[PDB]
Structures are given as C-alpha cells and as structure tokens.
Amino acid sequence: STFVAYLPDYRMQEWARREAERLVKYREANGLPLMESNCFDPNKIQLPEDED
Amino acid sequence: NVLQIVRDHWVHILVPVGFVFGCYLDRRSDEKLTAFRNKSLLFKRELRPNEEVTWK
Amino acid sequence: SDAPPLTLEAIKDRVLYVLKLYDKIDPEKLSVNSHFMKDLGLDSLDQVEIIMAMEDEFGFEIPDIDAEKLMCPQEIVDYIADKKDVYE
Amino acid sequence: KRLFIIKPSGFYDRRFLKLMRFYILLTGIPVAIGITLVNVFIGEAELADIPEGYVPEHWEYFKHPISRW
Amino acid sequence: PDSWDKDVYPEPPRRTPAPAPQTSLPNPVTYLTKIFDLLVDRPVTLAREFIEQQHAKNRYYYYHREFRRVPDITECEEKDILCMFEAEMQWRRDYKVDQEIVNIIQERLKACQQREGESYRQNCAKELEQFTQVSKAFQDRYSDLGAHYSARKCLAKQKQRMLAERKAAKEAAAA
Amino acid sequence: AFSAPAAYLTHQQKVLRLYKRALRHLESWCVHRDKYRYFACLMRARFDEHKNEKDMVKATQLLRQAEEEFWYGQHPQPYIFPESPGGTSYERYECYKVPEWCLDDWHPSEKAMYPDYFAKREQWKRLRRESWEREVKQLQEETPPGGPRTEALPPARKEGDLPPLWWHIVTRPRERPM
Amino acid sequence: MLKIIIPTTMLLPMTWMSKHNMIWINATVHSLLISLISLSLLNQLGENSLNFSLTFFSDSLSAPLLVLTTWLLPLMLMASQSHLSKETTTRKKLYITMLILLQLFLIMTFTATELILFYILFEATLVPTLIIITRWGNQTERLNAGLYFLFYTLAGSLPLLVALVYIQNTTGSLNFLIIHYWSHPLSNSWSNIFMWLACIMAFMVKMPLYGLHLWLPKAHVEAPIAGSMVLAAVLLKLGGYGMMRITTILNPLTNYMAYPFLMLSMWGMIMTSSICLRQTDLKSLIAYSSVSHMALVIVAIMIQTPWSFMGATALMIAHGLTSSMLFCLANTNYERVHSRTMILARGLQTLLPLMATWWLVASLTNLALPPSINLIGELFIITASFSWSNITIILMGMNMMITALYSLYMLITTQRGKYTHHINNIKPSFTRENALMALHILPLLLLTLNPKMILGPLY
Ligand SMILES: CCCCCCCCCCCCCCCCCC(=O)OC[C@H](COP(=O)([O-])OCC(O)COP(=O)([O-])OC[C@@H](COC(=O)CCCCCCCCCCCCCCCCC)OC(=O)CCCCCCCCCCCCCCCCC)OC(=O)CCCCCCCCCCCCCCCCC
Ligand SMILES: CCCCCCCCCCCCCCCCC[C@@H](O)O[C@H](CO[C@H](O)CCCCCCCCCCCCCCC)COP(=O)(O)OCC[N+](C)(C)C
Ligand SMILES: CCCCCCCCCCCCCCCCC[C@@H](O)O[C@H](CO[C@H](O)CCCCCCCCCCCCCCC)COP(=O)(O)OCC[N+](C)(C)C
Ligand SMILES: CCCCCCCCCCCC(=O)SCCNC(=O)CCNC(=O)[C@H](O)C(C)(C)COP(=O)(O)O
C-alpha cells in the first residue's frame with residue numbers, strides 16, 4: 001500500500017495541469033480564444049472538390 | 001549440521017532464482033528492440049560527451 | 001437498580017393477598033392448599049377470574065392450557081416461580 | 001447475588017484481533033516513522049527551469065523524495 | 001500565496017470593512033480570536049519555521065518535462081505505422097491538456113459562485129460566459145467519439161463538420 | 001406452554017377461552033377500573049344466564065353466535081402484556097440466551113477462572129451420563145405398542161431415577177440470561 | 001514480464017519437491033511474494049500501454065486483473081487446506097498443481113498481445129477448472145456441473161476461433177496494437193452481422209449473459225471452495241476483458257447489434273435479483289448475485305462510453321473480491337454443519353460474533369454502500385446508461401432496491417434469530433478463517449482510498 005501510494009506520476013496529471021496553466025496564461029493575455037473547435041489546422045486538410 | 005537444514009529447506013531458493021532469471025530474460029528481450037533507440041521525432045537527442053546509448 | 005429478586009415467600013404472600021381480596025372466598029377458611037372446586041365451592045368462571053387477577057398482579061399473562069390446570073394456591077405459586085426462574 | 005453468565009468462547013476472536021494488530025503495527029510503525037523523518041529532513045523538490053545544456057535524469061521529473069527513489 | 005499564478009486563478013481586490021463597535025459590551029469573538037491566535041497559531045508557526053529551516057538545508061529541483069511538436073495525423077500516410085503512433089500520442093497529450101483547461105475554467109466558476117454570495121447571478125457573468133465558450137469548443141472537439149477514440153476519428157468528425165459548414169455557407173450565399 | 005396439548009378442546013374449554021378473551025377485550029375498551037368492573041359483572045351475568053342448557057346443539061349455536069359477536073366487536077388494538085407473543089418485549093432477551101454446551105469449548109485459560117462452577121458442571125454431566133440409559137428403558141417400557149398417542153412424559157418411579165428427557169428442560173438458559 | 005511468469009513455473013517444482021508437511025507453508029509464502037512482485041504492474045502510463053516484448057504487454061485494464069489473480073492464489077491455498085487434511089500427499093500436490101497451472105494460464109491470458117494466443121490461453125484455463133470441479137467436488141452433481149461448464153463454453157468459443165482466423169486472413173494481423181491503429185468500420189451485411197455474433201457470443205457466455213447462464217449455478221455450487229473462489233473472482237472477468245478488447249473492430253455495427261443483449265442484460269438482472277429472494281441454498285444465492293452484477297457489466301461494455309468502461313473495470317474488481325469473500329463465508333458454515341440449506345443454522349451471531357461482523361461487511365459491500373468501489377462502478381454505469389437513455393433508471397433503480405433486499409435477507413436469515421437447538425457442534429472460529437476474511441476485506445477499502453488504480457485505461 002505504501003509503494004502504491006508513492007508511485008511516481010507516470011500518468012502525467014501534474015504535467016498536464018502545468019501545461020494547461022501555461023496555455024491559459026498565454027491565450028488569455030493575447031486575447032485569443034481559450035479553446036478552438038477544430039483540433040487540426042484546416043490548411044493541412046483537403047476537402048473533396050465537389051459537394052453537388 | 002547444515003546438511004539436514006539445506007536438504008529440508010533448499011526448495012526456498014527456486015522462486016527467487018526464477019524471479020532473477022525472469023528479470024535477466026526481460027533485459028535480454030529489451031536488448032532486441034533497439035532499432036529506434038534515440039531515433040523518434042519526439043525524443044531524438046544529441047549524445048552527451050561520455051555516454052554511448054540513451055537507454056539500455 | 002431494577003426490581004428486587006422476587007422470592008417464593010413474596011409470591012405466596014401476593015397470591016394469598018389477592019385471594020383474600022376476593023369476596024366469594026372467606027379469608028380464614030382459605031389455606032395455601034385449599035382447592036378451588038372442592039374446598040371453596042367455586043365454578044370454572046370463578047377460576048378464570050382468579051387466573052386473570054393473578055395475571056394483573058404479576059404483570060404477565062398465563063396460557064389457557066396452563067391456567068386451566070392450577071387448582072390451589074400452591075399450584076399458582078409453583079407455576080409463577082417456575083416461570084420467573086425463582087429458586088430461593 | 002452474582003450469577004454465572006454463559007457466553008461463547010471469546011478467547012480465539014480476541015487472540016486473532018491482537019495478532020492482526022501486532023503484525024500490522026509491527027510493520028507500519030517503522031514505515032510511518034520513516035515517512036515522517038523523510039518529510040521533515042528531506043523536503044520536496046522545488047520546481048525550476050531546465051538550465052541550458054543540461055539533460056535531467058528521468059527520476060528528476062518528480063517532486064517527492066520517495067516517488068523519486 | 002506565490003504557489004500559483006494569480007493570472008490563471010484571479011481574484012477581486014478583497015475589500016473588507018473596518019470594525020465599528022457601537023456597544024459598551026465587549027465582543028466575545030475578538031477575545032476568542034485572541035485566545036485561538038496565542039494558543040494555536042503561534043506553536044504551529046514555530047513548528048513550520050523549524051520545518052522550513054530543515055528544508056532550506058536540503059534544496060533540490062525537479063523540472064517540468066518538455067515535449068517537442070511532431071507531425072499531426074493529417075501529415076501521415078494511410079498505413080505508416082510509426083508516424084501514426086507519434087501523432088496518436090501527441091493527440092492524446094493534447095486531449096489531456098484540454099481537459100485540464102476545462103478544469104481550470106470550472107474551478108474559476110465555482111470559486112466565483114461561492115465568493116459572490118447572494119449576488120452571484122449578476123457578479124459571475126464573465127466566468128459563466130468563459131465556461132460556455134470553452135464547453136462549446138471542447139464539446140465540438142471530443143464529444144461522441146466514444147470509447148476506442150483516436151486521432152483518426154477526431155479528424156473524421158472535424159471533416160464532417162467542415163463539410164456541413166461549407167454546404168450551409170454556400171447555400172446561404174445563394175440566398 | 002408447559003403442558004402437553006390434547007387432541008381437541010371441549011365445549012366448556014371453548015366457552016372459558018371465549019369468556020377470557022371477551023373480558024380482556026372489554027377491559028381494553030373500558031380503560032377505567034370502575035367502568036370495567038361494571039361491564040365485567042354485566043358480561044358475567046350474560047355468560048351465566050344460559051349456563052343450564054341441557055341441549056348441546058343450542059349451546060353450540062349460542063357459542064357460535066357469541067364468537068361472531070366478539071369478532072364484530074373486538075378491539076382492533078387490544079392490550080397485550082409486554083412479554084406476550086404480541087407484546088413490545090416478547091422476544092427481547094432471546095439474543096442473550098446461550099446454550100450450555102458452548103461452555104465445553106472454552107479455552108482452558110477461560111476455565112481457569114470459575115473452577116468450582118465447572119466442577120459442579122462436571123458433576124451434572126456425570127449425573128446425566130449415568131441416568132440416560134435408565135430414562136430410555138423406562139420410556140421403552142411405558143410406551144404402548146402402537147407408539148405414543150400424546151406428548152405427555154412419565155415421571156421417575158424407581159429408587160434414584162430421574163424423569164426421562166429432563167436435561168434440556170432443567171438446563172434452560174434463563175428468562176433474563178445476561 | 002517473465003519476472004512474474006517464471007516464479008510461478010518455479011512454484012510448480014517447489015511444491016513437488018517439498019516435504020510432506022510443508023507444502024501449504026511454502027506455497028502460501030511464495031504465492032504472497034509473487035503477488036508483491038506483481039504489485040509493480042500498477043505503474044501505468046497515460047497514453048499507451050507497457051509493451052514488454054513482441055508477445056506480452058500490460059495495459060491499465062489488465063494490471064488490476066493480474067494483481068487480483070496473484071492475490072487470489074494464496075487465499076485459495078488457505079481456504080483449501082482445511083477440507084483436504086485427510087487427502088494423501090500426492091493428491092494434495094496435484095491439487096496445488098492445478099491451482100498453480102490455473103494462475104499461470106490466467107496471468108498469460110491477460111497480457112497476450114495477439115488474439116489467437118489470448119484465445120489459446122483463455123481456453124486452456126478450462127482443463128484445470130474442470131479437473132478441480134469433477135475430482136474434488138463433494139456431491140454426485142459435480143459431473144453434470146463439469147459437463148455444463150465445458151460445453152456451454154466451447155459452443156461459444158469455437159465460432160470465435162473461426163472468426164479470428166478469418167480476420168487474420170483478411171487484415172493480415174491479430175496483434176492488438178496493429179488492430180487498434182488500422183481499424184476500419186464494419187458495413188451492414190449479413191456476413192458482418194454473423195462475424196459480430198461469432199466475435200461476441202463466447203465472451204457473452206463467459207459473463208454469463210442472461211439465458212446463457214444456466215451452467216454457472218451448477219458449476220459454482222458443485223465446486224470445492226477454491227474452485228468457487230476462482231470461478232467467481234477471475235474467470236467471469238475473462239468475458240469482460242475479451243469483450244472490451246474485441247469491440248475495437250466491431251464499430252459501427254454494435255450501435256444496433258447491442259439491443260437484444262442490452263434488453264436481456266437489464267431484464268435478466270431484474271430476474272436474477274428476484275430469484276435471489278427465494279433461494280434455499282446459500283451458495284446458489286451468491287451465484288445468482290454474480291449473474292446480476294455481471295449483467296450490469298455487460299450493459300456497461302455494450303453502451304461503449306468512457307464512463308461505462310471505467311465503471312465496468314471498477315465493478316469487475318470489486319465483485320471479484322466481494323463474491324470470493326461471500327463464498328468463503330458460506331463455506332465456513334458448511335464445514336461446521338455439512339449442509340448448504342440457509343435456514344438450518346440460524347442465530348449464528350450469538351455463537352460467532354466476529355464471523356457475524358465479517359458477514360455484515362461482506363453483505364454491505366454486496367449492496368454497494370458508499371464510498372466502496374462497488375458503488376463507484378455501479379454509479380458510473382448507471383450515469384452512462386442514463387445518458388444512453390433516461391428510462392434505464394427505472395430498471396436500474398429496481399435492481400438497487402432488490403439487491404439490498406436479498407443481501408439483508410441473507411444476513412438476517414443466517415446471523416439473527418435464535419440458534420437451532422439441535423446443532424451443538426459449532427466450534428469457535430479458527431484464526432485461519434478470520435485471517436482469510438480480513439485478507440479479503442481490507443484490500444477493498446484500501447482500494448477505495450485510491451480508486452484510480454482500478455478505473456481502467458479510459459481514466
Ligand atoms: C491498527 C490496525 C488495525 C486494523 C485496521 C486496518 C489497517 C490497514 C492498514 C494497511 C496499510 C495502509 C498504509 C497507507 C499508506 C499511505 C501513507 C501516506 O501516503 O501518507 C499520506 C500522508 C503523508 O503525506 P505526504 O505526501 O507523504 O507529505 C507531503 C509533504 O511533503 C509533507 O509535508 P510537511 O513538510 O509539512 O511534513 C509533515 C510531517 C511533519 O508534520 C509536523 O510535524 C507538523 C504537524 C503539526 C504540529 C504543529 C503543532 C504541534 C507542535 C506545537 C508545539 C511544539 C513546538 C513548540 C515547543 C514548545 C511548546 C509550546 O508529517 C508527516 O510526515 C506525515 C505523517 C506520516 C504519516 C504516514 C502514514 C503511513 C501509514 C503506514 C502504516 C499503516 C498502519 C497504521 C500504523 C501507523 C501508526 C499508528 O499522511 C497522512 O495521512 C496525513 C493526514 C493528516 C492531515 C490532517 C487531517 C485532515 C482532516 C480532514 C478531514 C476532516 C473530516 C473528519 C475526518 C477525520 C479523520 C482523519
Ligand atoms: C481493528 C481496529 C480498526 C479501527 C482502528 C483503526 C485506527 C486508524 C487507522 C485507519 C486509517 C484511516 C484512513 C484515512 C486515510 C489516510 C491515508 C491516505 O491519506 O493515504 C492515501 C494513499 O492510499 C493509498 O494510495 C491506497 C493503498 C493502495 C491499495 C492497494 C492494496 C495492496 C495490494 C493487496 C492485494 C490486491 C488485491 C486487489 C487487486 C486489484 C492518500 O492517497 P494520495 O492522494 O495519493 O496521497 C497524496 C500524497 N502522496 C501521493 C505523495 C502519497
Ligand atoms: C436465450 C439467449 C440466447 C442469446 C441471445 C442472442 C441474440 C441474437 C439476436 C440477433 C440480433 C440481430 C440479428 C440480425 C440483425 C437484424 C434482425 C432483423 O430482424 O432485422 C431486419 C431483417 O429483416 C428481416 O427480419 C429478415 C430476417 C428474418 C429471418 C431471421 C430469423 C429470425 C426468427 C427468430 C429465430 C430465433 C434466433 C435465435 C435462436 C436462439 C432488418 O431489416 P433488413 O434491412 O432487411 O436487414 C438488415 C441487414 N441488411 C442490411 C444486410 C439487409
Ligand atoms: C368487547 C366486546 C367482546 C364481548 C363479546 C362477547 C359476548 C358473549 C356473551 C354470550 C355468550 C354466552 O354466554 S354462551 C353460554 C353457553 N352455555 C353452555 O355451554 C351450557 C353448558 N354449560 C357448560 O358447558 C359449562 O358449565 C360452562 C357454562 C362453560 C362453565 O363451565 P364451569 O362452570 O364448569 O367452569
């Protein structure tokens with residue numbers, strides 16, 4: 001139980017928290033939206049030519 | 001006098017020996033999957049002045 | 001503490017007290033071995049009333065099969081003592 | 001008066017309980033003392049930026065001494 | 001304290017009124033507070049001072065781990081297993097980071113609701129607006145992927161949404 | 001609870017039981033003592049009015065009518081003695097009752113306390129072990145060939161006999177065990 | 001992960017070379033050490049799995065299952081040595097050999113990287129279980145129980161073999177990582193429908209799904225105590241593990257092929273809970289309890305959400321511990337009075353107070369008292385089902401009420417009332433039985449203290 005209690009953070013919970021803090025700080029100051037609906041840049045996506 | 005003690009309790013080394021042998025075999029198995037050591041786009045790194053491999 | 005350790009003498013005293021508060025039984029002619037039907041000349045209904053009077057006095061009911069059998073104050077006292085684990 | 005009270009044997013349950021307590025405490029009092037000593041005399045690491053040209057060890061990415069060990 | 005950045009977790013300037021006694025009677029709360037201070041807060045402070053003195057004699061640092069940016073799932077060939085693996089790992093890390101961003105926003109909202117008291121419906125409009133925006137963005141990105149989610153399914157969802165938006169825009173243009 | 005039952009009840013037994021039930025329920029209705037005495041005397045007069053009926057058919061018809069009237073007019077919440085089968089303390093102390101055979105499994109350290117009690121217990125056990133066969137044989141003799149017909153047991157008759165099947169009646173736990 | 005496999009293979013000759021009077025001691029000590037070693041597998045990552053080699057890998061779903069298996073072995077050893085005292089030395093060693101082989105097959109099953117190897121091990125687990133049941137059971141029904149256990153399983157598992165070899169001929173691989181990365185949707189055709197059924201029915205019969213569960217009461221009642229422990233705690237979870245693995249390639253067909261199994265799971269959950277209310281055998285009640293809990297697990301796996309997967313993992317672990325504890329509790333009374341009828345021995349709290357406390361804690365965890373991991377899993381599954389459809393709460397709600405009813409019915413019938421007068425051979429609880437109950441129950445609350453270790457990879 002002691003060993004399990006003191007297992008190192010390989011799930012990266014604290015790393016993710018610190019990364020999110022950095023991102024929120026940067027985006028809040030610049031006036032940028034906190035989050036983006038698209039997680040992939042549309043410039044690297046090529047939609048089909050014709051929809052008709 | 002340790003003859004009888006050993007012949008009565010020598011079965012107590014089989015499991016620890018199996019554990020250390022399994023550790024050794026796991027290291028040997030890891031030794032055969034180094035085709036991408038220090039080659040991933042995320043962890044590619046310049047070597048230190050002294051070290052030879054990034055992991056074993 | 002709780003109620004005292006009920007004894008056979010107290011049980012007999014209370015039984016005789018209740019029986020001597022009965023109007024159909026003469027006090028002096030009543031004895032601890034007096035029979036209800038033979039000696040005292042009571043019918044079954046009087047015996048039922050006496051059993052109910054005993055129940056009221058001791059605070060506990062007596063089953064009808066057991067109640068029918070008792071005929072003298074000795075039987076009543078013995079039944080009460082056996083019920084309440086009275087040995088002294 | 002004082003009467004005898006009939007009960008089932010309470011010896012074996014009490015013996016098991018005290019054996020379990022003894023062994024659990026036997027191994028868990030040293031662990032608690034060691035944890036307290038480590039926390040008092042070897043605190044947690046302080047977050048700092050990676051200096052230029054330094055490549056930290058993999059265990060150097062955690063803050064608690066026991067987790068790092 | 002300086003443990004956290006006060007820009008990520010902001011608070012109002014904390015205006016508190018000065019005490020204005022209007023009775024000749026003593027205030028039992030002040031007497032009890034003085035007793036609690038002298039009897040609890042000082043020994044605890046001394047113990048903390050001793051512990052920090054011991055800590056200062058053994059100082060070591062741990063570093064936040066940095067990750068480079070690798071090609072995304074869009075720049076990967078159909079059956080290229082290694083590039084797909086790296087892209088999937090990066091996407092999973094970004095998913096965790098987005099969850100933590102939503103967590104920070106929700107913490108802000110809860111703190112505002114508790115802090116503002118009886119005026120929370122009016123005094124917490126900005127935090128509610130921020131949570132609505134972040135929730136909408138997060139929902140678009142990850143909702144309905146389901147168990148066994150991956151970067152490919154997220155990309156398919158985004159492509160479908162872009163196709164629908166393009167068709168809607170072109171039909172509205174013809175109006 | 002102590003007497004062996006009979007194959008059936010008699011007419012007078014049924015009348016007495018109905019009389020007791022009616023008196024108890026009337027007392028439940030008549031809370032106060034003087035009112036209860038008044039109506040109990042009225043009930044007794046009503047009961048002994050038809051005491052001298054030599055036609056058993058009409059006697060049973062009257063008993064049937066009286067039982068129907070009692071069921072219509074009974075108290076829905078009659079008084080029950082606290083330790084009676086419907087009372088508030090009926091089986092309250094049953095969880096404190098421990099059978100005597102449990103003492104055979106006490107650890108010798110537990111039996112080190114109370115030496116005289118366990119000496120008396122050993123005497124009682126020896127008595128039972130000596131009397132068992134005589135009890136069994138007396139039951140064998142006194143039992144009719146076609147098996148027993150009632151649940152009544154014979155007493156001891158010989159020099160130092162004991163009433164057969166006595167161990168679990170004599171060694172009851174208690175009525176207030178703990 | 002040979003550092004865990006090899007020590008068990010060494011348990012084998014250690015048992016067969018021990019003195020006639022030290023087999024239990026040696027087996028117990030080294031089993032506990034192997035469990036301690038396996039405890040290291042709980043250090044899992046957040047993105048991918050631990051890929052030890054080309055053959056074995058450890059995920060956040062299989063690590064708690066491996067820990068549960070390795071922890072269950074010593075408990076079975078302690079539970080078995082009482083009723084095997086009159087057995088000869090060779091047969092005792094053979095019993096321990098069966099248990100060790102079962103653990104080895106289970107350990108290899110949960111870490112195989114390929115589906116065919118997983119199939120071979122998950123099917124090899126049959127032989128030791130069947131031998132244990134049919135050789136060391138008590139009554140003559142054990143033979144029929146073994147037949148039911150064998151054929152119900154194989155009739156589901158053989159079409160899975162056909163489907164697996166077909167899939168490998170189609171896509172070129174059965175490796176789970178390749179299968180996950182190169183996943184393609186399933187069209188709506190009769191061939192795909194039957195492929196879905198072939199890939200699903202074996203795991204369904206393992207759970208077992210309501211209507212396909214008749215083998216379970218027979219096998220779990222007729223087995224010896226260690227057989228019942230390992231059948232309820234680990235072997236039922238093979239179906240859930242395999243189903244969560246295989247559902248990766250079944251989308252989007254599951255979206256509608258899950259309806260009959262969902263209806264069966266919910267209604268048969270209600271039915272098995274109701275069956276538990278009128279049961280004269282104490283072990284059959286625990287078996288039907290297992291069926292109800294596994295029906296909940298089936299629902300969670302079928303609706304395919306992160307919350308449902310988390311709840312399924314937590315519920316599987318919690319149920320394993322609770323059901324093993326309940327079986328041991330019933331076996332104690334059976335060893336005392338040599339009967340399984342529930343109303344024979346009553347008022348046992350008067351005679352055995354500490355065992356009554358163990359009964360109370362086991363039946364409290366059975367009804368999912370918060371904040372036990374039983375309730376964590378049940379509540380996660382209920383929330384996921386509510387999101388799936390708001391009307392499931394009614395069926396789920398009925399089940400919660402019924403489970404409490406039959407759990408407390410079992411407790412009150414066995415522990416309260418007045419002790420039967422004629423039974424005078426109820427000896428005090430041994431230290432071994434109390435230690436068995438404590439080793440069952442303490443890990444449950446310890447896991448409650450840190451619930452992310454049993455919440456699966458979707459955490
Ligand atoms: C009996 C058995 C019977 C059967 C039962 C079943 C048993 C099963 C057991 C199975 C095994 C289980 C093992 C579990 C392993 C887990 C260990 C672990 O992870 O430790 C975690 C944790 C340690 O945290 P950490 O991450 O290691 O430390 C991080 C920091 O770096 C540290 O920060 P720091 O730098 O400030 O250092 C603090 C340091 C030093 O702190 C201080 O010194 C300051 C304290 C305040 C003092 C200030 C005033 C007093 C002095 C003033 C006067 C003197 C000075 C001036 C002199 C003049 C006087 C005027 O203290 C410590 O180091 C922590 C204590 C060590 C505990 C370790 C636990 C190990 C247990 C393993 C054994 C298991 C068996 C049990 C046996 C154990 C023995 C009984 O330990 C705790 O449990 C802390 C709890 C205390 C918090 C306060 C409670 C808050 C209450 C909130 C809830 C309110 C609701 C009401 C509910 C109340 C219920 C409590
Ligand atoms: C008989 C008498 C009983 C009553 C008397 C008892 C007296 C009091 C003792 C009871 C203790 C009260 C419990 C209160 C909780 C305090 C402990 C808690 O704080 O520790 C937790 C830690 O608990 C452990 O993590 C959980 C234990 C792990 C359980 C695994 C079981 C071991 C394996 C056994 C076999 C496995 C079978 C099941 C297979 C899956 C905190 O977790 P965490 O938030 O992180 O800690 C933050 C700081 N860290 C990370 C630096 C450490
Ligand atoms: C006792 C517990 C046992 C375990 C329970 C196992 C559950 C198995 C149930 C299988 C679930 C669904 C199977 C097939 C999917 C749809 C079923 C069908 O009825 O739906 C319609 C099918 O239409 C008609 O029903 C045709 C089927 C009629 C013949 C089937 C026989 C059913 C009779 C019941 C026998 C019991 C079966 C179980 C044996 C125990 C849909 O219309 P259609 O779009 O055209 O078909 C879709 C497939 N397409 C797209 C390729 C065309
Ligand atoms: C609260 C509401 C409840 C009240 C409702 C109840 C109303 C019932 C009142 C009317 C019923 C009767 O009287 S019905 C009267 C029935 N008559 C007979 O049976 C005639 C033959 N007599 C005998 O059998 C015995 O002598 C015997 C009389 C039993 C005495 O026994 P002892 O002398 O050997 O003790």
Side-chain angles (χ1 to χ4, degrees), chain A residues 1-7 9, chain C residues 37 42-43 45-48, chain D residues 17 20-21 24-25 27-40 42-44 63-67, chain E residues 40 42-48 50-52 54-55, chain F residues 10-16 18-19 21-30 39 43-44 46-56 58-60 62-63 65-75 78, chain G residues 35-36 38-39 42 63-72 317 320-321 438-440 442-454:
Chain A
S1 319
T2 317
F3 173 79
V4 166
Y6 282 109
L7 274 172
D9 182 34
Chain C
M37 322 285 129
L42 311 168
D43 54 358
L45 304 176
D46 294 332
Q47 205 261 352
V48 177
Chain D
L17 285 174
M20 201 195 54
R21 194 243 289 109
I24 282 173
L25 284 191
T27 206
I29 285 168
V31 165
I33 295 168
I35 278 174
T36 316
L37 288 175
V38 160
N39 284 332
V40 174
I42 314 166
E44 295 178 323
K63 110 176 296 204
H64 197 277
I66 304 175
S67 292
Chain E
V40 200
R42 256 153 100 170
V44 167
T45 312
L46 295 172
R48 189 48 180 184
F50 172 83
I51 283 188
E52 283 323 88
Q54 306 304 313
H55 283 165
Chain F
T10 62
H11 181 263
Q12 51 108 0
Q13 258 161 315
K14 301 171 101 124
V15 174
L16 295 176
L18 165 59
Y19 179 54
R21 285 197 326 259
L23 271 177
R24 285 307 193 199
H25 277 242
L26 168 92
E27 195 173 10
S28 298
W29 275 122
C30 304
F39 286 102
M43 176 73 24
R44 165 65 180 274
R46 185 174 155 162
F47 249 88
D48 67 30
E49 158 172 343
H50 310 268
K51 182 191 29 154
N52 281 346
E53 229 71 41
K54 277 38 136 173
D55 200 7
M56 41 172 177
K58 176 222 199 233
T60 71
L62 292 176
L63 177 67
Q65 267 270 30
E67 298 278 19
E68 255 148 50
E69 176 179 14
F70 164 79
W71 194 266
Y72 165 73
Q74 68 184 305
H75 202 294
Chain G
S35 199
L36 181 74
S38 66
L39 229 42
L42 294 178
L65 290 170
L66 294 154
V67 171
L68 179 75
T69 305
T70 60
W71 179 253
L72 209 83
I317 298 301
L321 282 171
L439 294 165
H440 270 99
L442 291 167
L444 258 182
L445 322 175
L446 287 179
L447 278 173
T448 280
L449 259 186
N450 183 9
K452 87 181 156 296
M453 305 273 114
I454 54 149

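Ligands are counted one by one from 1 in listed order, and the atoms in each one are counted from 1 as well. Here is the naming used below: chain letters follow the sequence lines, and residue numbers restart at 1 for every chain. For the numbers below, each heavy atom of this structure counts, side chains included, while hydrogens, waters and symmetry mates do not.
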Any side-chain heavy-atom pair of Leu39(G) and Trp71(G) under 4.5 Å: no
For the student: nearest non-hydrogen atoms of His55(E) and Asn39(D), plus distance: NE2-O, 3.0 Å
Donor-acceptor pair, side chain of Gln74(F) and main chain of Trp71(F), under 3.5 angstrom: yes
More than 12 heavy atoms of other groups within 6.0 Å of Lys14(F) NZ: no
4.5 Å side-chain heavy-atom contact, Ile317(G) and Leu65(G): yes
salt_bridge(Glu27(F), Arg24(F)) N-O dist < 4.0 Å: yes
Distances under 3.5 Å, N/O of ligand 1 against N/O of the protein: list each pair and its distance.
from     : atom 1 : to       : atom 2 : distance (Å)
ligand 1 : 27 (O) : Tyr6(A)  : OH     : 2.3
ligand 1 : 27 (O) : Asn39(D) : ND2    : 3.3
ligand 1 : 28 (O) : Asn39(D) : ND2    : 3.4
ligand 1 : 31 (O) : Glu44(D) : OE2    : 3.4
ligand 1 : 36 (O) : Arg48(E) : NH1    : 3.4
ligand 1 : 63 (O) : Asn39(D) : ND2    : 2.9

Carboxylate-amine/guanidinium proximity below 4.0 Å for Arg44(F) and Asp43(C): yes
N/O separation below 3.5 Å, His50(F) to ligand 4: yes
Closest approach of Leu18(F) to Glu67(F) (non-hydrogen atoms, all atoms of both residues): CD1-OE1, 3.5 Å
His11(F) side chain near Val15(F) side chain, heavy-atom distance below 4.5 Å: yes
Shortest reach to atom 15 (C) of ligand 4 by a heavy atom, considering only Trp29(F), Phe70(F), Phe47(F): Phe47(F)
Min heavy-atom dist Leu63(F) to ligand 4 below 4.0 Å: no
Heavy-atom pair of closest approach, residues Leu321(G) and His440(G): O-CD2, 3.7 Å
Is there any protein N/O under 3.5 Å from an N/O of ligand 2, and what does the full list of such pairs look like?
from     : atom 1 : to        : atom 2 : distance (Å)
ligand 2 : 25 (O) : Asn450(G) : ND2    : 3.3

